[PDB]
């Protein structure tokens, strides 16, 4: 599928050189950062979307995530399907596991409180996570069948909102440097 959304946000720390390339492709080179999130995808997310990607380069030096990323409202939820990472594998309140797309993922929730979100500088919300149990191979075509995550989350009582914001295949980092190159469809 064609992508129609470009995500490029930083808290102002370090230097993030995020380039919105042709088609579904983008690249990121970053250094000495705070927190930042970059990615390509869709303006309106869906719990039925299959996200395809090929990360030709996935070279975090320190803490970075290669992850599906998006939000809902009603209620406000930030969510992740983390396929790979750098030195830090994200975890939180442990819920259970789900199998999808040849991997096994642990399911977590975490709470942000007086934190920045799509709703403002100081807001409260839950984050929903699927985090692969081992770093996914990169450089070949990969699929995230998002519905399998949505359904597993629902079984553990984690309900997404009915108002869908953007939905992207993202590079996130925190206090790190690195590079990535990812094509999304």
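Numbering follows the first chain given and starts at 1.
- Averaged over their C-alpha atoms, the temperature factors of 117-125 and 40-48 are higher for 117-125.
- Annotation for 130-138 versus 153-161: the higher mean temperature factor (C-alpha) is found in 153-161.
- For the set 177, 20, 167, 171, the PDB entry puts the maximum C-alpha B factor at 20.
- Per the deposited record, the Cα B-factor of residue 27 falls in the highest third when ranked against the other modelled residues of its chain.
- Ranked by C-alpha B-factor against the other modelled residues of its chain, residue 111 falls in the highest third.
- Ranked by C-alpha B-factor against the other modelled residues of its chain, residue 76 falls in the highest third.
- The entry lists a Cα temperature factor for residue 97 that places it in the middle third of the chain's modelled residues.
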